[PDB]
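In what follows, a single structure is set out as structure tokens and then discussed.
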Amino acid sequence: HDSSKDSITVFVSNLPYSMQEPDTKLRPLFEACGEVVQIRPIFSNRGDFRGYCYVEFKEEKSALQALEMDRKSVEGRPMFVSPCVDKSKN
């Protein structure tokens with residue numbers, strides 16, 4: 001595992017499939033909170049999309065505000081956002 005990317009990675013789930021390109025649809029949301037280096041959408045699916053994607057930020061600070069985006073209502077459906085690494089001590 002890459003610890004270097006752990007502090008700048010946030011996996012998202014529970015997203016609608018109606019969106020053709022998750023890389024550009026999420027951009028206005030994630031970019032608006034912090035710069036994104038690149039998005040790696042799931043394309044290995046042999047049938048239907050998995051509805052999940054990963055986003056990497058050039059700075060750790062972006063990850064921090066990204067947490068606040070969790071539970072945000074999008075298209076009438078809440079978006080599940082969770083940090084790569086859990087924080088045992090606050």
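So you can find residues: chains in the structure tokens are A, B, ... in the order shown, residues in each start at 1, and ligands are numbered from 1 in order.
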With only C-alpha atoms as the counted atoms, please give the residues lying no more than 8 Å from residue 53 of chain A, apart from itself and same-chain residues fewer than 2 positions off, as a PDB file with C-alpha atoms, in the first residue's frame.
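Below you can see around.pdb, which holds the result:
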```
ATOM      1  CA  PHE A  11     -12.968   6.744  -1.937  1.00  0.00           C
ATOM      2  CA  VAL A  12     -16.569   7.574  -2.843  1.00  0.00           C
ATOM      3  CA  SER A  13     -19.548   5.239  -3.130  1.00  0.00           C
ATOM      4  CA  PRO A  22     -17.870  10.357 -13.166  1.00  0.00           C
ATOM      5  CA  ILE A  39      -9.540  10.482 -11.086  1.00  0.00           C
ATOM      6  CA  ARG A  40      -9.470   6.726 -11.705  1.00  0.00           C
ATOM      7  CA  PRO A  41     -12.995   5.520 -12.643  1.00  0.00           C
ATOM      8  CA  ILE A  42     -13.786   1.805 -12.680  1.00  0.00           C
ATOM      9  CA  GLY A  51     -20.850   3.243  -9.351  1.00  0.00           C
ATOM     10  CA  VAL A  55     -10.014  10.812  -6.241  1.00  0.00           C
TER      11      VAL A  55
END
```
>> I'd like the contact shell of segment 23-29 of chain A - 12 Å cut-off, only C-alpha atoms, skipping same-chain residues fewer than 2 positions apart - returned as number ranges by chain.
In response: A: 12-13, 15-21, 31-43, 51-57, 62, 65-66, 68-70, 72-75, 79, 81
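Here the strand (DSSP E or B) residues in segment 4-81 of chain A, by DSSP on the backbone, are residues 9, 10, 11, 12, 13, 36, 37, 38, 39, 40, 41, 53, 54, 55, 56, 57, 73, 74, 77, 78, 80 and 81 of chain A.
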Selection export as a CSV table (one decimal), in the first residue's frame, atoms kept: N, CA, C and O atoms:
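The resulting part_26.csv:
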```csv
chain,number,residue,atom,x,y,z
A,9,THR,N,-6.0,10.5,-0.4
A,9,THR,CA,-7.0,9.7,-1.2
A,9,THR,C,-8.3,9.5,-0.4
A,9,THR,O,-8.3,9.4,0.8
A,10,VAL,N,-9.4,9.6,-1.1
A,10,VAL,CA,-10.7,9.5,-0.6
A,10,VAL,C,-11.6,8.7,-1.5
A,10,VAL,O,-11.9,9.1,-2.7
A,11,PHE,N,-12.1,7.6,-1.1
A,11,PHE,CA,-13.0,6.7,-1.9
A,11,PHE,C,-14.4,7.1,-1.8
A,11,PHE,O,-14.9,7.3,-0.6
A,12,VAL,N,-15.2,7.2,-2.9
A,12,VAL,CA,-16.6,7.6,-2.8
A,12,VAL,C,-17.4,6.4,-3.4
A,12,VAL,O,-17.0,5.7,-4.3
A,13,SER,N,-18.6,6.3,-2.8
A,13,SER,CA,-19.5,5.2,-3.1
A,13,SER,C,-21.0,5.7,-3.1
A,13,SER,O,-21.2,6.9,-2.7
A,36,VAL,N,-7.6,18.5,-7.6
A,36,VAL,CA,-7.5,17.0,-7.9
A,36,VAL,C,-6.4,16.7,-8.9
A,36,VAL,O,-6.5,17.3,-10.0
A,37,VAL,N,-5.5,15.8,-8.6
A,37,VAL,CA,-4.5,15.5,-9.5
A,37,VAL,C,-5.1,14.6,-10.7
A,37,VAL,O,-4.8,14.9,-11.8
A,38,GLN,N,-5.9,13.6,-10.3
A,38,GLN,CA,-6.5,12.8,-11.3
A,38,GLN,C,-7.5,11.8,-10.7
A,38,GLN,O,-7.5,11.5,-9.5
A,39,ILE,N,-8.5,11.4,-11.5
A,39,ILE,CA,-9.5,10.5,-11.1
A,39,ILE,C,-9.4,9.2,-11.8
A,39,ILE,O,-9.3,9.1,-13.0
A,40,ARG,N,-9.6,8.0,-11.1
A,40,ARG,CA,-9.5,6.7,-11.7
A,40,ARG,C,-10.8,6.0,-11.6
A,40,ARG,O,-11.0,5.2,-10.7
A,41,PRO,N,-11.7,6.2,-12.6
A,41,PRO,CA,-13.0,5.5,-12.6
A,41,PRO,C,-12.9,4.0,-13.0
A,41,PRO,O,-12.0,3.6,-13.7
A,53,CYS,N,-15.7,5.3,-7.5
A,53,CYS,CA,-14.5,5.9,-8.1
A,53,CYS,C,-13.5,6.4,-7.0
A,53,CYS,O,-13.9,6.4,-5.9
A,54,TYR,N,-12.3,6.8,-7.4
A,54,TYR,CA,-11.3,7.2,-6.5
A,54,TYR,C,-10.8,8.6,-6.9
A,54,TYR,O,-10.6,8.9,-8.1
A,55,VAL,N,-10.5,9.5,-6.0
A,55,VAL,CA,-10.0,10.8,-6.2
A,55,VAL,C,-8.8,11.1,-5.4
A,55,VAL,O,-8.7,10.9,-4.2
A,56,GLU,N,-7.8,11.6,-6.1
A,56,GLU,CA,-6.5,12.0,-5.5
A,56,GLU,C,-6.3,13.5,-5.5
A,56,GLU,O,-6.5,14.2,-6.5
A,57,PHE,N,-5.8,14.0,-4.4
A,57,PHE,CA,-5.6,15.5,-4.3
A,57,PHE,C,-4.1,15.8,-4.2
A,57,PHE,O,-3.3,15.0,-3.6
A,73,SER,N,-26.2,16.0,0.1
A,73,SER,CA,-27.2,15.5,-0.8
A,73,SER,C,-27.0,16.0,-2.3
A,73,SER,O,-27.0,17.2,-2.6
A,74,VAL,N,-26.8,15.0,-3.2
A,74,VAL,CA,-26.6,15.3,-4.6
A,74,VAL,C,-27.7,14.6,-5.4
A,74,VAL,O,-27.8,13.4,-5.4
A,77,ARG,N,-29.9,12.3,-3.8
A,77,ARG,CA,-29.3,11.1,-3.2
A,77,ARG,C,-28.0,11.5,-2.5
A,77,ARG,O,-27.1,12.0,-3.1
A,78,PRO,N,-27.9,11.2,-1.2
A,78,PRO,CA,-26.6,11.5,-0.4
A,78,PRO,C,-25.4,10.8,-1.0
A,78,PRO,O,-25.5,9.6,-1.5
A,80,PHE,N,-21.8,9.1,-0.4
A,80,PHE,CA,-21.0,8.5,0.7
A,80,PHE,C,-19.5,8.8,0.4
A,80,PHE,O,-18.9,8.3,-0.5
A,81,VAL,N,-18.9,9.5,1.3
A,81,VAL,CA,-17.5,9.9,1.3
A,81,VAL,C,-16.7,9.4,2.5
A,81,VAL,O,-17.2,9.8,3.6
```
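Atom CA of residue 7 of chain A to atom CA of residue 76 of chain A spans 29.6 Å [interatomic distance, one decimal].
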> How many Å lie between atom CA of residue 3 of chain A and atom CA of residue 86 of chain A, rounded to one decimal?
Replying inline: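 Taking atom CA of residue 3 of chain A as the start and atom CA of residue 86 of chain A as the end point, the length is 12.5 Å.
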Run DSSP on the backbone and give me the residues of segment 3-43 of chain A it puts in helix (DSSP H, G or I), as a PDB file with N, CA, C and O atoms, in the first residue's frame.
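selection.pdb written:
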```pdb
ATOM      1  N   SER A   3       1.409   4.692   1.381  1.00  0.00           N
ATOM      2  CA  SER A   3       1.048   5.598   2.465  1.00  0.00           C
ATOM      3  C   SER A   3       1.053   7.047   1.987  1.00  0.00           C
ATOM      4  O   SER A   3       0.341   7.892   2.530  1.00  0.00           O
ATOM      5  N   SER A   4       1.862   7.325   0.971  1.00  0.00           N
ATOM      6  CA  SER A   4       1.965   8.670   0.418  1.00  0.00           C
ATOM      7  C   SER A   4       0.640   9.121  -0.191  1.00  0.00           C
ATOM      8  O   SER A   4       0.288  10.299  -0.127  1.00  0.00           O
ATOM      9  N   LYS A   5      -0.089   8.180  -0.778  1.00  0.00           N
ATOM     10  CA  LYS A   5      -1.375   8.485  -1.398  1.00  0.00           C
ATOM     11  C   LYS A   5      -2.528   8.346  -0.399  1.00  0.00           C
ATOM     12  O   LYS A   5      -3.632   8.830  -0.645  1.00  0.00           O
ATOM     13  N   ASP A   6      -2.259   7.695   0.730  1.00  0.00           N
ATOM     14  CA  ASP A   6      -3.272   7.489   1.763  1.00  0.00           C
ATOM     15  C   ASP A   6      -3.746   8.817   2.358  1.00  0.00           C
ATOM     16  O   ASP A   6      -4.937   9.010   2.599  1.00  0.00           O
ATOM     17  N   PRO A  22     -17.974   9.976 -14.580  1.00  0.00           N
ATOM     18  CA  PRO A  22     -17.870  10.357 -13.166  1.00  0.00           C
ATOM     19  C   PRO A  22     -16.684  11.283 -12.908  1.00  0.00           C
ATOM     20  O   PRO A  22     -16.663  12.028 -11.928  1.00  0.00           O
ATOM     21  N   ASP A  23     -15.700  11.230 -13.800  1.00  0.00           N
ATOM     22  CA  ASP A  23     -14.498  12.049 -13.693  1.00  0.00           C
ATOM     23  C   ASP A  23     -14.813  13.538 -13.832  1.00  0.00           C
ATOM     24  O   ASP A  23     -14.234  14.370 -13.132  1.00  0.00           O
ATOM     25  N   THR A  24     -15.731  13.868 -14.735  1.00  0.00           N
ATOM     26  CA  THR A  24     -16.100  15.262 -14.968  1.00  0.00           C
ATOM     27  C   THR A  24     -17.285  15.715 -14.116  1.00  0.00           C
ATOM     28  O   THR A  24     -17.382  16.893 -13.767  1.00  0.00           O
ATOM     29  N   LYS A  25     -18.187  14.798 -13.777  1.00  0.00           N
ATOM     30  CA  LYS A  25     -19.353  15.150 -12.969  1.00  0.00           C
ATOM     31  C   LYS A  25     -18.963  15.473 -11.534  1.00  0.00           C
ATOM     32  O   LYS A  25     -19.508  16.393 -10.921  1.00  0.00           O
ATOM     33  N   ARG A  27     -15.898  16.375 -10.649  1.00  0.00           N
ATOM     34  CA  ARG A  27     -14.938  17.472 -10.699  1.00  0.00           C
ATOM     35  C   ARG A  27     -15.474  18.765 -10.076  1.00  0.00           C
ATOM     36  O   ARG A  27     -14.820  19.332  -9.212  1.00  0.00           O
ATOM     37  N   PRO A  28     -16.662  19.267 -10.478  1.00  0.00           N
ATOM     38  CA  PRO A  28     -17.200  20.508  -9.905  1.00  0.00           C
ATOM     39  C   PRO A  28     -17.405  20.424  -8.395  1.00  0.00           C
ATOM     40  O   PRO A  28     -17.483  21.446  -7.719  1.00  0.00           O
ATOM     41  N   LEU A  29     -17.500  19.207  -7.872  1.00  0.00           N
ATOM     42  CA  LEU A  29     -17.699  19.010  -6.438  1.00  0.00           C
ATOM     43  C   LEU A  29     -16.375  18.912  -5.677  1.00  0.00           C
ATOM     44  O   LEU A  29     -16.151  19.643  -4.712  1.00  0.00           O
ATOM     45  N   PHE A  30     -15.501  18.009  -6.115  1.00  0.00           N
ATOM     46  CA  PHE A  30     -14.207  17.817  -5.463  1.00  0.00           C
ATOM     47  C   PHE A  30     -13.249  18.982  -5.716  1.00  0.00           C
ATOM     48  O   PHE A  30     -12.537  19.414  -4.813  1.00  0.00           O
TER      49      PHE A  30
END
```
> So how far away is atom CA of residue 63 of chain A from atom CA of residue 1 of chain A, in Å?
Replying inline: 18.2 Å
